[PDB]
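Undergrad: This structure is in structure tokens; I'll ask about it shortly.
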Amino acid sequence: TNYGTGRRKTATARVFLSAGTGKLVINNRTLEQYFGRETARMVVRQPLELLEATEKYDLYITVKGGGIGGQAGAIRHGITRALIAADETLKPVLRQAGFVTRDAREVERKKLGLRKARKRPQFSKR
Amino acid sequence: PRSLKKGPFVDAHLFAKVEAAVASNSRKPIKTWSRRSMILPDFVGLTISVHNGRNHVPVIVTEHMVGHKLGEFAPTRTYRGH
Amino acid sequence: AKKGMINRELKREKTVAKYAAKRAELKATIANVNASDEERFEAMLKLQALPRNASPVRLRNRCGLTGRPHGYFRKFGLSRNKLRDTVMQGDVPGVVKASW
Amino acid sequence: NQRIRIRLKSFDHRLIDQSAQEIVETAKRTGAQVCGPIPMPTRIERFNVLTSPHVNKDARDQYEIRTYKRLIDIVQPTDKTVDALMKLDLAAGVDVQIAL
Amino acid sequence: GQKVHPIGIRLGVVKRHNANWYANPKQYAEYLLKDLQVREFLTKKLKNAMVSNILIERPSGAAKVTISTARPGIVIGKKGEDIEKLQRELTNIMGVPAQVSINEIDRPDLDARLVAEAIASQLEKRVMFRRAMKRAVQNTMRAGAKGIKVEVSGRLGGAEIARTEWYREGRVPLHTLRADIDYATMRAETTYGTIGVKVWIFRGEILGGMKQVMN
Amino acid sequence: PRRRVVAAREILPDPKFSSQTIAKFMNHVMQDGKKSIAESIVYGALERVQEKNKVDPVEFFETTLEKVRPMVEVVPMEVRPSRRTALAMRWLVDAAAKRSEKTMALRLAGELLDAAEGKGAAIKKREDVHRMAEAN
RNA sequence: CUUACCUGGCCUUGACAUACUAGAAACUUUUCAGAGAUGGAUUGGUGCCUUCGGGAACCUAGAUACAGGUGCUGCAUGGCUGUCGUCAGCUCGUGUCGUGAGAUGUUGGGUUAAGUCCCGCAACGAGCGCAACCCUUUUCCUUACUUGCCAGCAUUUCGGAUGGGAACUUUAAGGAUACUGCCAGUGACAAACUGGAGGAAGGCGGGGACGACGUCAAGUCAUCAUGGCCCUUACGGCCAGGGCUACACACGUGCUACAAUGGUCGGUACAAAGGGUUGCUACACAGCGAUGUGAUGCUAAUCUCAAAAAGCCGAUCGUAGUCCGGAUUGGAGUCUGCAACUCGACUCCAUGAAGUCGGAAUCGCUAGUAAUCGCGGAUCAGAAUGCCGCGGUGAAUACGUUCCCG
Ligand SMILES: NCCC[C@H](N)CC(=O)N[C@@H]1[C@H](O)[C@@H](OC(N)=O)[C@@H](CO)O[C@H]1NC1=N[C@@H]2C(=O)NC[C@@H](O)[C@H]2N1
């Protein structure tokens with residue numbers, strides 16, 4: 001019934017949160033069949049574990065773009081902002097835990113005369 | 001190499017000359033610049049002077065040579081050691 | 001470039017346009033499967049008997065103003081030296097310095 | 001089924017916005033219903049041009065040119081609308097295509 | 001020590017393009033080549049008519065050439081036959097019907113190219129090079145610009161060793177992108193080789209941005 | 001840096017144990033950004049030690065790290081606490097690189113086990129460093 | 001071809017410009033000799049405007065002024081570029097001091113990334129530089145609802161497929177916001193510095209473009225222009241074949257490895273950016289394969305290149321010059337192209353070299369960075385390990401200025 005939007009490294013997640021009994025679904029798949037690696041699953045589950053309210057909600061999630069880490073970060077951000085839209089008093093705790101900030105780090109462009117963003121070709125005096 | 005579905009490539013001015021030589025029995029060498037023409041069975045037993053850049057070197061065609069390009073038997077670079 | 005090279009390119013471009021239709025027809029005949037193998041073989045011989053400059057494989061893109069054969073940039077038709085000047089003085093529509 | 005659809009292309013988004021705004025304002029005058037303008041993704045193409053005449057590979061100008069596009073739909077148009085839009089004056093730097 | 005082109009750097013920021021047309025990728029090259037031909041032809045044909053700026057428009061299958069001039073009488077002609085003759089010649093060159101519009105400059109001393117042409121003409125008319133640039137500087141400053149810089153380079157005075165002189169008066173903020181700076185270059189052909197002339201003229205800042213310029 | 005003072009970055013607690021020291025150990029193991037491979041190695045090394053002797057992995061790791069930590073370095077000077085953990089971790093991972101046994105998980109578990117008792121190239125490194133320090 | 005070089009075959013007012021003179025529309029077929037350049041025959045056509053006396057287009061023929069030159073001088077030059085170096089400095093007018101070259105201003109205490117800012121002072125005032133205005137990324141709002149989207153309803157072949165909806169993601173134009181603004185210290189109770197709350201973001205948030213007066217007789221007469229010199233039956237122009245790809249050696253910049261944090265096989269997820277009508281191709285059939293044939297959509301938010309790869313799960317290999325490595329060579333082919341011998345790319349079978357982490361020495365990098373994995377483009381018939389871009393995963397370490405370099 002409440003909505004959140006999360007973003008991280010070209011990935012975008014839209015999260016619908018409602019009252020329920022812990023049913024979580026991402027792109028018509030369960031969490032364990034969607035995210036193969038396990039740190040991603042903790043990253044997804046962190047906001048509800050902090051609030052001790054794992055079993056009090058149902059989550060319907062759709063994510064697009066980026067990779068496995070970025071999508072997990074975007075889902076976490078979306079869950080946090082959905083919870084904040086649900087209750088405004090949880091924002092102090094969520095900000096203290098640090099889930100509210102949008103991570104603005106992104107890939108640096110390649111530059112002329114360089115092999116990468118910063119790496120240079122090997123140099124020689126003679 | 002050249003695709004099989006196309007067949008062998010031979011220059012027309014060389015082919016007409018070699019066919020005239022076959023029809024007659026001339027033992028005069030044929031003189032050509034066509035390094036890119038491939039040796040056919042009709043070439044066997046003849047003498048072809050192939051250009052190498054500066055001179056025409058003579059090639060006596062045997063049975064084994066059939067299938068190669070004429071320029072394979074007239075090298076273009078000169079090397080004797082350092 | 002020298003004037004001779006520029007004129008030589010024009011001569012090649014003229015021959016190509018002169019023989020384009022016949023060359024296309026012969027290639028179509030070669031590709032035709034219904035025609036007899038004898039017909040295809042004669043089509044191949046005529047194609048190989050066409051003059052060398054009729055083949056488009058021998059044209060080389062040159063700068064429209066100077067005739068330079070390196071650094072061509074199809075989209076403008078000019079080599080880099082004249083492209084830079086004409087762009088920087090504001091005569092090429094839409095082109096600006098790029099930053100991102 | 002009558003629905004005019006118009007596509008605009010340009011190298012300048014200010015000009016393309018001027019044209020699209022003026023077109024929709026013209027159509028509303030005749031009273032038909034308008035959908036749009038819908039901004040379509042922009043095409044960006046980029047070039048690297050050596051600046052020195054002889055030899056400095058790291059000295060380049062980087063130029064870009066952009067193509068902007070807009071799409072408009074006129075639905076349920078009256079008789080006045082078609083000829084009014086066809087009468088509408090053409091502005092330089094903008095290409096307009098009208099389809100039935 | 002190498003400086004970016006003052007018009008190129010602020011193209012699309014406060015300054016518009018001299019060419020304004022759209023073309024598909026397969027027509028861009030031919031359109032551009034014919035436009036360059038038109039510019040090269042007009043420069044030679046109006047070498048003595050104080051022409052400064054040429055603007056080319058292609059609305060649809062037609063061309064509009066706007067010539068910014070300070071001698072409209074010479075360009076148009078006594079009866080107006082010259083504009084028709086120019087229109088015919090340009091129509092032949094472009095392969096499409098063409099029309100010409102004249103735009104008269106009111107203050108020639110505020111314009112970069114006219115000043116550079118005057119200095120170059122004097123230099124090949126053998127005036128001492130230091131008088132010409134002082135004359136041009138004070139003429140523009142009295143005409144009411146906010147700054148001007150003039151530069152001449154080459155075998156000045158027919159010397160064996162070439163050198164560079166320059167003279168500036170007022171404000172010339174080259175690094176400020178919104179400044180309205182006009183720039184031109186010319187070649188003076190003398191007995192001893194080529195001399196190069198460069199002029200910068202600053203006429204205040206352009207406020208409001210290209211939104212105000214209405215590009 | 002000659003101009004200013006940098007702040008050490010904020011590493012995140014491990015997901016499965018919630019241990020910053022274990023997360024740092026993973027970062028020391030990882031190469032080429034393969035966090036999953038590093039995590040697999042660390043967990044495989046922990047489970048072997050847990051099975052061969054039944055202790056809680058977090059406490060066992062902390063206690064072994066405390067044994068391996070060196071008190072003096074490189075003219076002795078005194079180490080800061082963070083350098084203690086860094087040096088101990090780097091010695092701990094380096095020894096398993098040269099050890100016998102085929103796989104790296106067991107290669108690391110062997111060092112973890114033997115360092116608890118007191119035999120291992122990691123502890124010999126601390127021994128030699130302290131011999132040098134006491135010499136000077 | 002490019003091509004400027006070599007061998008040989010050819011032309012001479014020239015392949016190209018203008019002026020003078022005469023004749024032919026211009027053009028077009030077919031054929032022969034030759035390696036071709038060239039030469040000789042054979043056809044058809046004979047056109048447009050026109051105070052129609054002719055003119056225009058175009059060619060040919062003759063004549064001389066000339067054309068032509070990637071020939072030389074970057075130490076005669078223009079234009080353009082590198083470098084100190086994104087270093088923080090560099091100058092002027094009017095006063096005053098000194099016989100004079102000159103000085104002062106611009107110096108001294110703090111502070112900053114900075115000649116950035118505050119205070120004092122025979123100095124009083126200005127200009128170019130520094131910052132800012134420009135592009136891009138991070139949060140929110142308005143306009144816009146298709147070719148893009150699918151939360152609520154309905155159908156369903158369970159494919160946004162369909163009726164629909166305008167919510168959300170996105171697309172892309174215009175705006176808002178961050179200013180030491182507020183709180184606590186500090187300073188001289190100046191400038192400025194250090195902590196905290198709110199906030200997507202806090203002290204210059206990240207990246208790009210923008211290069212001061214000048215130096216190096218730095219680079220470029222082979223992009224182009226240009227003074228002077230030089231060749232003009234040849235240092236100019238046309239052609240075929242060869243060379244720029246040579247090979248006792250030496251150096252620079254890279255790619256692939258030397259394996260188990262790995263190799264092979266099976267199953268199975270998640271991107272961004274860009275290209276496509278002489279083009280990209282769904283699908284089917286043939287082939288072990290590169291590819292071939294038929295056929296379908298697309299001038300593209302519509303169809304296509306297109307398979308992301310590393311990742312996850314299962315099996316196997318068990319430290320061996322190996323199921324590591326993939327050089328070299330024999331055989332058989334595909335495609336582009338008039339033509340792959342010198343001298344192309346790719347496919348299949350066979351072969352299976354050096355290499356087990358590299359001496360003295362030396363290089364890059366301070367965060368979405370290094371490392372590692374794949375994807376695209378310009379040039380281009382074909383021919384990238386180079387160049388220019390795009391995203392995925394994602395570290396370690398900074399006590400400090402004693403030494404090296406600037
Ligand atoms: N491949 C080389 C071709 C030959 C050159 N192009 C000829 C050239 O340039 N001569 C120039 C020229 O006469 C002129 O200079 C200008 N600018 O006209 C003068 C004025 O200095 O200087 C000459 N040169 C010098 N060099 C020497 C030097 O440096 N010190 C000592 C003395 O001998 C110097 N002079």
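Lettering and numbering for the structure tokens are positional, with chains as A, B, ... in the shown order, residues counted from 1 in each chain, and ligands counted from 1 in the shown order.
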Quick one: residues within 10 Å of residue 170 of chain E, only C-alpha atoms (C1' of nucleotides) counted, chain neighbours fewer than 4 positions away excluded, as a list in words?

TA: residues 137, 141, 145, 146, 147, 148, 149, 201 and 202 of chain E; 126 and 127 of chain G

Undergrad: Around ligand 1, out to 6 Å and counting only C-alpha atoms (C1' of nucleotides) and all ligand atoms, which residues are there? I want them as a list in words.

TA: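 Counting only what the definition allows, namely only C-alpha atoms (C1' of nucleotides) and all ligand atoms, the set is residues 160 and 161 of chain E; 73, 75 and 76 of chain G.
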
Undergrad: Go through chain B residue by residue and, counting only C-alpha atoms (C1' of nucleotides), keep those with an atom at most 9 Å from chain G; for each kept residue give the shortest atom pair and its distance in Å to one decimal, ordered by chain and increasing number, as a Markdown table.

TA:
```
| residue | atom | partner | partner_atom | distance |
| --- | --- | --- | --- | --- |
| B:1 | CA | G:340 | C1' | 6.9 |
| B:2 | CA | G:340 | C1' | 7.8 |
| B:3 | CA | G:334 | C1' | 7.1 |
| B:4 | CA | G:333 | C1' | 8.7 |
| B:9 | CA | G:339 | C1' | 8.3 |
| B:13 | CA | G:35 | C1' | 8.6 |
| B:32 | CA | G:35 | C1' | 7.1 |
| B:33 | CA | G:35 | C1' | 5.9 |
| B:34 | CA | G:35 | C1' | 7.7 |
| B:35 | CA | G:341 | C1' | 7.2 |
| B:36 | CA | G:341 | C1' | 6.9 |
| B:51 | CA | G:241 | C1' | 6.6 |
| B:52 | CA | G:242 | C1' | 6.7 |
| B:53 | CA | G:242 | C1' | 4.1 |
| B:54 | CA | G:7 | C1' | 4.6 |
| B:55 | CA | G:7 | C1' | 7.9 |
| B:68 | CA | G:341 | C1' | 8.0 |
| B:69 | CA | G:341 | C1' | 5.7 |
| B:70 | CA | G:341 | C1' | 7.1 |
| B:71 | CA | G:341 | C1' | 4.8 |
| B:72 | CA | G:341 | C1' | 4.7 |
| B:73 | CA | G:341 | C1' | 8.3 |
| B:74 | CA | G:341 | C1' | 8.9 |
| B:75 | CA | G:342 | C1' | 7.1 |
| B:76 | CA | G:342 | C1' | 6.8 |
| B:77 | CA | G:246 | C1' | 7.2 |
| B:78 | CA | G:246 | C1' | 8.3 |
| B:79 | CA | G:246 | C1' | 7.7 |
| B:81 | CA | G:248 | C1' | 7.5 |
| B:82 | CA | G:248 | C1' | 5.6 |
```

Undergrad: What would the file look like if the residues just selected were written as a compact mmCIF listing (two decimals), in the first residue's frame with C-alpha atoms?

TA:
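Wrote it out as part33.txt, contents follow:
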```txt
# COMPACT_ATOMS: atom_id res chain seq x y z
CA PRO B 1 42.69 -19.79 -50.88
CA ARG B 2 40.18 -19.09 -53.64
CA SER B 3 36.76 -20.60 -52.96
CA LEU B 4 36.08 -23.92 -54.68
CA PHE B 9 41.70 -18.17 -61.71
CA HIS B 13 45.97 -13.32 -72.11
CA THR B 32 54.28 -13.22 -68.92
CA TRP B 33 53.82 -10.76 -66.06
CA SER B 34 50.91 -12.75 -64.58
CA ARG B 35 52.40 -13.93 -61.30
CA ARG B 36 48.87 -14.49 -59.98
CA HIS B 51 58.57 -11.52 -64.04
CA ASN B 52 60.08 -11.10 -60.58
CA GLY B 53 60.29 -7.31 -60.54
CA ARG B 54 63.39 -6.80 -62.68
CA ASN B 55 63.93 -9.87 -64.91
CA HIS B 68 50.39 -23.51 -57.30
CA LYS B 69 50.58 -19.90 -58.44
CA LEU B 70 53.22 -18.98 -61.01
CA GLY B 71 54.84 -16.42 -58.72
CA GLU B 72 55.83 -19.16 -56.27
CA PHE B 73 58.78 -20.07 -58.51
CA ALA B 74 60.23 -16.57 -59.03
CA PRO B 75 61.28 -15.06 -55.69
CA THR B 76 61.41 -11.27 -55.55
CA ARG B 77 63.84 -10.54 -52.69
CA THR B 78 67.61 -11.04 -52.67
CA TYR B 79 69.31 -12.14 -49.44
CA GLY B 81 73.55 -13.04 -45.28
CA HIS B 82 74.64 -10.32 -42.86
```

Undergrad: Using only C-alpha atoms (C1' of nucleotides), which of G:47, G:42, G:78, G:338 sits nearest residue 12 of chain B?

TA: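 Closest candidate: G:338.
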
Undergrad: With 7 Å as the limit and counting only C-alpha atoms, what residues in chain D lie close to chain E? Please list them as a VMD selection string.

TA: chain D and resid 10 to 11 14 to 15 90 to 95

Undergrad: Can you tell me, as a PyMOL selection string, which residues in segment 33-73 of chain D count as strand (DSSP E or B) by DSSP?

TA: chain D and resi 33-39+43-50+60-73

Undergrad: Suppose we keep C-alpha atoms; can you now write the selection as a compact mmCIF listing (two decimals), in the first residue's frame?

TA:
```txt
# COMPACT_ATOMS: atom_id res chain seq x y z
CA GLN D 33 -7.27 17.27 -29.67
CA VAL D 34 -3.50 17.00 -29.25
CA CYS D 35 -1.27 14.37 -27.66
CA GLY D 36 2.31 15.38 -26.97
CA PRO D 37 4.91 16.59 -27.57
CA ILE D 38 6.69 13.38 -26.55
CA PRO D 39 10.49 13.76 -26.27
CA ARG D 43 21.27 10.73 -30.71
CA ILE D 44 24.79 11.82 -29.75
CA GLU D 45 27.76 11.20 -32.05
CA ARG D 46 31.34 12.11 -31.19
CA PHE D 47 34.62 12.64 -33.06
CA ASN D 48 38.28 12.94 -32.07
CA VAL D 49 40.33 15.24 -34.31
CA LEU D 50 44.10 15.60 -34.12
CA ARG D 60 42.94 16.27 -29.89
CA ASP D 61 39.69 18.18 -30.07
CA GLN D 62 36.61 16.18 -29.10
CA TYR D 63 33.47 17.31 -30.91
CA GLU D 64 29.89 16.11 -30.63
CA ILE D 65 26.70 16.57 -32.64
CA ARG D 66 23.23 15.83 -31.29
CA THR D 67 19.96 14.98 -33.04
CA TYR D 68 16.78 15.85 -31.14
CA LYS D 69 13.37 14.40 -31.99
CA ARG D 70 9.78 15.23 -31.03
CA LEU D 71 6.52 13.38 -31.74
CA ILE D 72 3.01 14.87 -31.82
CA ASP D 73 -0.43 13.35 -32.48
```
